[PDB]
Amino acid sequence: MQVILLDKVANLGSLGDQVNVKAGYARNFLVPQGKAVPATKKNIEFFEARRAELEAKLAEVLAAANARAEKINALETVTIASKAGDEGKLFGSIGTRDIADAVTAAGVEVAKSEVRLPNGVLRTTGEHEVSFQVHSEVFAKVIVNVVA
Amino acid sequence: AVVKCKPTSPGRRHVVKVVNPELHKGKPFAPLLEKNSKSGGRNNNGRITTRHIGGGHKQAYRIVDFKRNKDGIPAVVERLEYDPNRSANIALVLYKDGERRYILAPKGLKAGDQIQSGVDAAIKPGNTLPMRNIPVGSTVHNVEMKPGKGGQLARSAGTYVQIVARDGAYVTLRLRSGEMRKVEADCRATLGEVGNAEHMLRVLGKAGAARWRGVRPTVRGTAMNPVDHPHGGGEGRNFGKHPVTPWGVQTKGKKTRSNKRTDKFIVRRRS
Amino acid sequence: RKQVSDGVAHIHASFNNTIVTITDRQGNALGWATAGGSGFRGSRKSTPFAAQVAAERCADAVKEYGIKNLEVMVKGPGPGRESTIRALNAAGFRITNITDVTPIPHXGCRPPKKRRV
Amino acid sequence: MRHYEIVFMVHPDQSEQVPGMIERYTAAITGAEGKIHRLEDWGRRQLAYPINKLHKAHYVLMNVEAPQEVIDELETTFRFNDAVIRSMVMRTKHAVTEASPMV
Amino acid sequence: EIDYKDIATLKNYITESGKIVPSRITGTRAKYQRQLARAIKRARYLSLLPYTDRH
Amino acid sequence: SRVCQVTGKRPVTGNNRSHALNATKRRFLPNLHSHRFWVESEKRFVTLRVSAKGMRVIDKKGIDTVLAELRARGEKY
RNA sequence: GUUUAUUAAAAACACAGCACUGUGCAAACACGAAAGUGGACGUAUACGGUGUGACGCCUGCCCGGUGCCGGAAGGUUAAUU
RNA sequence: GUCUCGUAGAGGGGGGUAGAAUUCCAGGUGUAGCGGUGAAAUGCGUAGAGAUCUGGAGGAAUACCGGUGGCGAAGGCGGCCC
Ligand SMILES: [Cu+]
Ligand SMILES: [Cu+]
Ligand SMILES: [K+]
Ligand SMILES: [K+]
Ligand SMILES: [K+]
Ligand SMILES: [K+]
Ligand SMILES: [K+]
Ligand SMILES: [K+]
Ligand SMILES: [K+]
Ligand SMILES: [K+]
Ligand SMILES: [K+]
Ligand SMILES: [K+]
Ligand SMILES: [K+]
Ligand SMILES: [K+]
Ligand SMILES: [K+]
Ligand SMILES: [K+]
Ligand SMILES: [K+]
Ligand SMILES: [K+]
Ligand SMILES: [Mg+2]
Ligand SMILES: [Mg+2]
Ligand SMILES: [Mg+2]
Ligand SMILES: [Mg+2]
Ligand SMILES: [Mg+2]
Ligand SMILES: [Mg+2]
Ligand SMILES: [Mg+2]
Ligand SMILES: [Mg+2]
Ligand SMILES: [Mg+2]
Ligand SMILES: [Mg+2]
Ligand SMILES: [Mg+2]
Ligand SMILES: [Mg+2]
Ligand SMILES: [Mg+2]
Ligand SMILES: [Mg+2]
Ligand SMILES: [Mg+2]
Ligand SMILES: [Mg+2]
Ligand SMILES: [Mg+2]
Ligand SMILES: [Mg+2]
Ligand SMILES: [Mg+2]
Ligand SMILES: [Mg+2]
Ligand SMILES: [Mg+2]
Ligand SMILES: [Mg+2]
C-alpha cells in the first residue's frame with residue numbers, strides 16, 4: 001500500500017514522503033493514528049499544494065512538548081502516600097494513573113499514556129525514577145517518593 | 001467420623017457413612033437460597049447430552065461466595081452446614097457490618113473462628129489474599145484463574161493447591177491433578193485445605209444410594225447390539241475390537257485436550 | 001579458538017576407568033580423554049598407565065587453546081589419581097592448585113548390597 | 001517465664017531496616033512484661049557458606065526473658081519476614097548479660 | 001562452658017576440612033567433647049563455621 | 001447470515017469430486033471477518049462483517065464511499 | 001431391583017465395590033451448518049468413557065502382531081514455487 | 001516410700017529447620033565413548049551420552065563428633081532448634 005507520511009515515523013521516513021507499507025500497517029496503525037494517508041491523486045496534489053503549514057504545526061507541537069517537558073523537569077520530585085508493612089513493602093502498588101494524578105495535583109497535567117515505568121509498577125517505599133514521553137522524540141524524568 | 005453400618009439387611013452390610021456432629025441440624029439461611037430444578041442431562045434441544053443423569057433428591061442452591069472480595073472487614077463463623085450441591089461443607093459467616101455470607105469450609109474451621117480477606121489479611125486458614133501476598137510454598141484452595149473472576153480451582157472436599165514458585169507477574173501452582181500451572185499473581189486464593197477430607201471414605205453400599213444422588217444406570221456397550229454401540233454384538237460374550245466410546249473414539253489412552261489458546265500456561269501436564 | 005591460559009583439569013578416577021576433562025574456570029569443557037578410549041580395555045583400562053596416557057591425550061586435545069596454568073580437581077578412589085597429575089605436569093602445564101572433590105554423603109542414600117564373590 | 005537467646009540474620013540489602021526491626025521486637029517483648037538482658041548488633045559478617053546465593057548477612061543477637069506466646073509470635077514474624085534469612089531461638093539456663101565474644 | 005559464638009576457640013577443635021577432631025587426639029574430656037560437638041553444630045547452622053572446606 | 005456487507009458474497013454450493021469422480025454436494029463459504037474500520041470523517045469506528053475481498057475493496061475505494069453505498073442499499077451498520 | 005406390551009423373567013441387564021483411561025474449566029464429552037445449550041451455577045475427594053461385578057483369598061509369563069503413548073536425527077512425501 | 005537443691009543422658013511423643021549426597025528435569029560447554037566384570041555381554045551413547053558448570057523438583061538418611069561411650073523394662077533410641 002502506498003501512503004504519504006504526515007509526520008516523522010521512525011524507520012519509515014519524514015513528512016511528505018511517499019512510502020510502500022504493508023496494508024495492515026497502514027490500515028490498523030498509521031491512518032487511524034493520523035501519521036499517514038493513502039497516496040491517491042487527490043491526496044498527493046492536495047498535500048503538495050498545502051504542505052508547509054503542516055511543518056509549521058509540527059514545529060509548534062514540538063515546541064509545546066518541549067515546554068511541557070521543561071515544566072515536568074522543573075517539577076522535580078513528587079510524593080505519593082499509600083499503605084505498607086513494617087518492612088517498607090507496599091501491600092498494594094503505585095501505578096500510572098495515580099502517578100499522573102499526583103503530577104497533575106503538583107501542577108503539570110500529564111496523561112496516563114505519557115507515563116513510562118521501566119521496571120514495572122512501583123511496589124516499595126522509597127525513591128524511584130520515572131520517565132515521561134510527551135512527544136515521540138522528547139523525554140522527561142521525575143523522582144517519585146513513595147511513603148507509608 | 002467414618003462409621004460402618006451393621007449388616008441387619010443385605011443393603012446395609014457394606015454401607016459406610018461420614019457422620020459430622022458439627023453440621024447445623026436446622027434449615028439453611030433463607031436469603032442465600034435459590035431454587036435449582038433438574039435437567040436429566042438434557043439440553044435445550046431436549047436431547048440427552050450427558051448420559052446417566054436423572055431423578056434423585058430435590059435440592060436448593062446455596063449462594064456461595066467464591067470471590068471473597070469483602071476486604072478489610074472481619075467475619076465470624078456462625079455455623080457449618082451441609083450443602084447438597086457439593087462435596088465440601090459450607091460455613092455461614094457474619095461480617096462486622098451485619099452482612100451474612102456462605103463460604104467453603106476449610107479444614108479446621110469451626111464456629112467462633114475469625115476470617116478476613118484482602119492484601120493486609122493475616123496468613124491464617126480461611127483468610128483470602130492475592131497470591132502476590134501469600135508465601136511461596138503455602139497450601140491454598142478456591143484459587144482464582146483470572147483476578148476478580150472468583151475461585152475455580154481446588155474446591156472439592158479435601159483438595160488444595162501448592163504455590164511452588166513466584167516469577168514476575170505469575171505464580172506456579174501444583175494442582176491436585178499433578179499439573180503445574182501458571183496463574184496471575186493478582187489472582188486470589190484462600191489459605192488452607194478444603195475441609196471434609198473423609199468424603200472419599202464413604203461407601204454407598206446399594207444401588208439405590210446412587211439413585212438418590214441423581215445417577216442412572218450405566219449399560220455396558222458390550223451388552224448391546226451392533227446397531228447401538230461399536231462394542232455390541234456376539235454369540236455369547238465376544239469383544240474383539242479396540243475399546244471405544246459410543247461415538248467411536250478410542251477410550252483407553254487416546255488424548256483429547258486440544259486448546260492451543262491456554263497451552264502457554266501449562267508448565268507441565270499431569271503426566 | 002579463543003585463548004584461555006587458565007584452565008581446570010577434572011579427573012574422574014573410578015575403579016574401572018579414568019576420565020580427564022579440561023575446562024576453563026567457568027566449567028566449560030575444552031577437551032577430554034579417557035583411559036578406555038586411549039586403546040585400553042578390560043584389566044588394562046583400570047591401570048595408572050592408561051590414566052597417564054589419557055592425560056597426555058587430553059593435553060594434546062587442548063593444545064590449541066594455549067593453556068598455561070591448570071588447577072586440578074580429583075574425584076574418586078581409582079588408580080588413576082596421581083598418574084594423571086604427573087602426566088599433566090610433565091606435559092608442560094603449570095600446576096597451580098590441587099584439590100580433592102570426592103563426594104561424601106553426610107549420613108544419604110542407601111548403597112547397593114554387598115557382593116558375594 | 002523462661003530465658004531465650006535469639007540470633008537472626010538479615011539480608012544485607014535490608015541493613016537499614018535492622019534498627020527498626022530491633023525496636024519492634026524489643027517493644028513486643030517488653031509489652032508482655034518481658035525483659036531484654038542483652039542486645040548486640042554484629043553488623044555485616046561474611047558467611048562461612050552461601051545462603052540463598054548471598055555471601056554476607058547482618059547478624060543480630062538478643063538475650064531476653066519472655067513468655068512462650070510472645071516467643072512463638074516472634075518466631076512466626078521471623079518465618080514470614082522476607083528480610084530475615086535465618087533465625088535461631090535457644091533456651092538458656094539463666095539470664096545472660098555479659099558481652100559476647102563477637103564484641 | 002563452650003559457647004557456639006566463641007569461633008576462635010571452636011576453630012581449635014576442627015580440621016582444615018571442617019571436621020570435628022576426635023577427643024582422643026585433642027586430649028579433651030568426654031563431657032566437654034559433647035558440648036564442643038553441640039556448639040560446633042550450632043555454629044555451622046548459623047554459618048559461623050563451614051560444614052565442609054569446599055565452601 | 002454468512003454474508004459480506006460490502007460485496008454481498010455469500011455461501012455457494014457445488015461438488016466435491018473424488019478421483020473416481022463421485023460427486024457429493026458441498027458449500028463454498030466466504031472468508032468473512034468482523035473488523036473495526038476507522039471512519040475519520042465521523043471520528044469513530046464502525047464494525048463491519050466483511051470478506052477479505054471486501055477489505056481490499058475498502059482499501060481501494062475508501063470507507064466513506066463504501067458506507068455511502070451501504071446506506072444507498074439500505075444495509076444498516 | 002430390571003427385561004423380550006402379545007410363546008423366553010433367566011444363569012440375561014442393572015447393582016454397590018474394583019481398575020484402566022480421558023478431562024485444568026471457554027474441561028473432556030454430547031445436541032447443534034451456527035448462535036448457543038447440556039456437562040455444572042459442578043472444578044480432579046470432580047466430571048466423561050470403558051471393562052469387571054458384594055465379600056474373602058487372589059489376579060502368574062508374553063510388547064513379536066494390532067491399537068494407544070512418547071521421540072524426531074535420517075529416508076520418503078501434498079498444495080505451493 | 002514423700003519433699004527440698006542440683007547433675008548427666010541417641011529415654012519417649014509432637015512440630016520446625018539445616019547441610020552433604022543420590023535420582024530426575026531444563027539449559028551452557030564439549031565429543032566418542034560410557035557403564036560393567038575375573039573376562040564379557042545385556043544396557044546407555046552421534047536423536048549428542050559419559051564428563052563439567054548453572055538453576056529447579058523431590059524423597060530418604062543424618063559424615064565428622066563416636067567411644068568393649070550414654071539412655072531405656074525389654075523391643076530399642078544418633079544432625080540442629082522449640
Ligand atoms: Cu443471518
Ligand atoms: Cu512433506
Ligand atoms: K454434600
Ligand atoms: K453396567
Ligand atoms: K460384544
Ligand atoms: K453378545
Ligand atoms: K447373542
Ligand atoms: K523468613
Ligand atoms: K422372575
Ligand atoms: K436383560
Ligand atoms: K474415573
Ligand atoms: K465374604
Ligand atoms: K462381606
Ligand atoms: K504384544
Ligand atoms: K506392541
Ligand atoms: K517427515
Ligand atoms: K528429659
Ligand atoms: K529431621
Ligand atoms: Mg426450542
Ligand atoms: Mg456415566
Ligand atoms: Mg449434584
Ligand atoms: Mg459403573
Ligand atoms: Mg442382547
Ligand atoms: Mg457399528
Ligand atoms: Mg464363545
Ligand atoms: Mg477369540
Ligand atoms: Mg471404529
Ligand atoms: Mg555394583
Ligand atoms: Mg564360586
Ligand atoms: Mg448425483
Ligand atoms: Mg418398566
Ligand atoms: Mg413375552
Ligand atoms: Mg412369561
Ligand atoms: Mg459452558
Ligand atoms: Mg461452543
Ligand atoms: Mg451452560
Ligand atoms: Mg459380566
Ligand atoms: Mg516394540
Ligand atoms: Mg506417533
Ligand atoms: Mg518425583
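Quick note: numbers below take in every heavy atom, side chains included, and nothing from hydrogens, waters or symmetry partners. Quick note on labels: first sequence line is chain A, next is B, and so on, each numbered from 1.
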hbond_proxy [X] side chain to [N] base (donor-acceptor, 3.5 Å cutoff):
X        : N      : value
B:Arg62  : G:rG42 : no
D:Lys53  : H:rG55 : no
B:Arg155 : G:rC25 : no
C:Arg41  : H:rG36 : yes
C:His106 : H:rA21 : no
B:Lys254 : G:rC68 : no

Ignoring backbone atoms, test whether [X] places a side-chain nitrogen or oxygen under 4.0 Å from the OP1 or OP2 oxygen of [N].
X        : N      : result
B:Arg51  : G:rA30 : no
D:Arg79  : H:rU17 : yes
B:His199 : G:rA46 : yes
B:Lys206 : G:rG1  : no
B:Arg270 : G:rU21 : no
B:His14  : G:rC15 : no
C:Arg110 : H:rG59 : no
B:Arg176 : G:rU45 : yes
B:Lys252 : G:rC20 : no
B:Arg220 : G:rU50 : no
E:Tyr4   : H:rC80 : no
B:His52  : G:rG49 : yes

Each nucleotide N or O in nucleotides 27-29 of chain G that has a protein N or O under 3.5 Å away: list the pair and distance.
unit_1	atom_1	unit_2	atom_2	d
G:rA28	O3'	B:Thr256	OG1	3.2
G:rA28	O2'	B:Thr256	OG1	2.6

Between [options], which nucleotide gets closest to the side-chain atoms of [X]?
X        : options                : value
B:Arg261 : G:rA26, H:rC64, G:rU43 : G:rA26
E:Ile20  : G:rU50, H:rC64, H:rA18 : H:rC64
D:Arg86  : H:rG19, G:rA46, G:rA16 : H:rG19
C:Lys75  : H:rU52, G:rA44, G:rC25 : H:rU52

Legend entry - Stack flag H:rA26/H:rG27 (5.5 Å, 30°): yes
Residues from [range] sitting under 4.0 Å of RNA chain H, heavy atoms only?
range                     : answer
residues 26-40 of chain C : C:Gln26, C:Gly27, C:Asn28, C:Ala29, C:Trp32, C:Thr34, C:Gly36, C:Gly37
residues 33-42 of chain E : E:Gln33, E:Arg34, E:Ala37, E:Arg38, E:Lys41, E:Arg42
residues 33-46 of chain B : none
residues 13-20 of chain C : C:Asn16, C:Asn17, C:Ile19

Legend entry - Toward the 5' end of RNA chain G, by each residue's nearest nucleotide, B:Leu201 or B:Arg216: B:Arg216
Legend entry - D:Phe80: ring-ring contact (aromatic ring centres under 6.0 Å, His included) partners, not counting sequence neighbours: none
Legend entry - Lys/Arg-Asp/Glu bridge criterion (N-O < 4.0 Å) met for B:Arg269, B:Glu179: yes
Legend entry - RNA chain G base-pair string [pairs: Watson-Crick or G-U under 3.5 Å; |: paired with another strand]: ((.........))...(((((((.....(((....))).......))))))).............................
Inset, instruction - Using a heavy-atom cut-off of under 4.0 Å over every strand shown, decide if C:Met73 touches base, sugar-phosphate, or nothing. - result: nothing
Inset, instruction - Assign C:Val8 to base, sugar-phosphate, or nothing according to its heavy-atom contacts below 4.0 angstrom with the strands shown. - result: nothing
Legend entry - Any pair counted as ring pair (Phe, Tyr, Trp, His ring centres under 6.0 Å), so long as it reaches residues 14-41 of chain C, sequence neighbours left out: C:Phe40-C:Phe49
Legend entry - Inter- and intrachain pairs under ring pair (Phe, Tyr, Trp, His ring centres under 6.0 Å), touching residues 26-55 of chain E, at least two apart: D:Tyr49-E:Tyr51
Inset, instruction - Apply side chain to side chain donor-acceptor pair (under 3.5 Å) to E:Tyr4 and list each qualifying residue two or more places apart in sequence or on a separate chain. - result: D:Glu5
Legend entry - Secondary-structure string, 5' to 3', Watson-Crick or G-U under 3.5 Å, | for another-strand partners, for RNA chain H: .............(((((....(((((((...((........))......)))))))....).......((....)).))))
Listing time: all N or O pairs from protein to nucleotides 3-11 of chain G that are below 3.5 Å?
none

Legend entry - H:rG45 and G:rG71, which share atom name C1', separated by this distance in whole Å: 16 Å
